[PDB]
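Participant: Oh and the sequence shown: position 25 is 32 in the authors' numbering, straight run, nothing missing.
Cβ coordinates follow ideal geometry from the N, Cα and C atoms, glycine included.
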Amino acid sequence: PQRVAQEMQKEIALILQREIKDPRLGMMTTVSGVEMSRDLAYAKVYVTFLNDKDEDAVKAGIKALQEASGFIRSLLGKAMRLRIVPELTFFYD
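(1) Along the beta strand (DSSP E) that carries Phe-98, what are the first and last residues, could you check?
(2) Am I right that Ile-19 and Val-52 are in contact with their C-beta atoms under 8 Å? What's the rounded C-beta distance?
(3) Tell me whether the beta-carbon of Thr-55 lies closer than 8 Å to the beta-carbon of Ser-39.
(4) Could I get the ranges of all uninterrupted beta strand (DSSP E) runs contained in the region 43-97, with 3 residues as the minimum, in chain order?
(5) Give me the Cα-Cα distance between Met-35 and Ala-71, rounded to the nearest whole angstrom.
(6) By the DSSP assignment, the alpha helix (DSSP H) with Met-15 in it spans what residues?
(7) Using a Cβ-Cβ cutoff of less than 7 Å, which residues in the same chain neighbour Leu-47 once the five nearest sequence positions on both sides are dropped?
(8) Excluding sequence positions up to five away, which residues of its chain have a Cβ less than 6 Å from the Cβ of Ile-27?
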């Protein structure tokens, strides 16, 4: 799904700024891509940081973002009026 992956990159990048304080990460955490399941039960999200100045802070940043993943899924479905939204898993790129 090439077009849904482009809409998800854009809206998830905004929800990453709104649903958690991205100023705590320097207000420049960006989405580089998504990777989606054939059955849409799951998706992987790839993220690139200005908080990249510390490897231990990026590890903690992904850990804090994964704890918020259920809000991010619920909001992504609301922003798209989507019939099903995938369950979300986050990665540093």
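Facilitator: A quick look at the data gives this:
(1) 94-99
(2) 6 Å
(3) yes
(4) 49-55
(5) 16 Å
(6) 9-25
(7) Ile-91, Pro-93
(8) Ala-75
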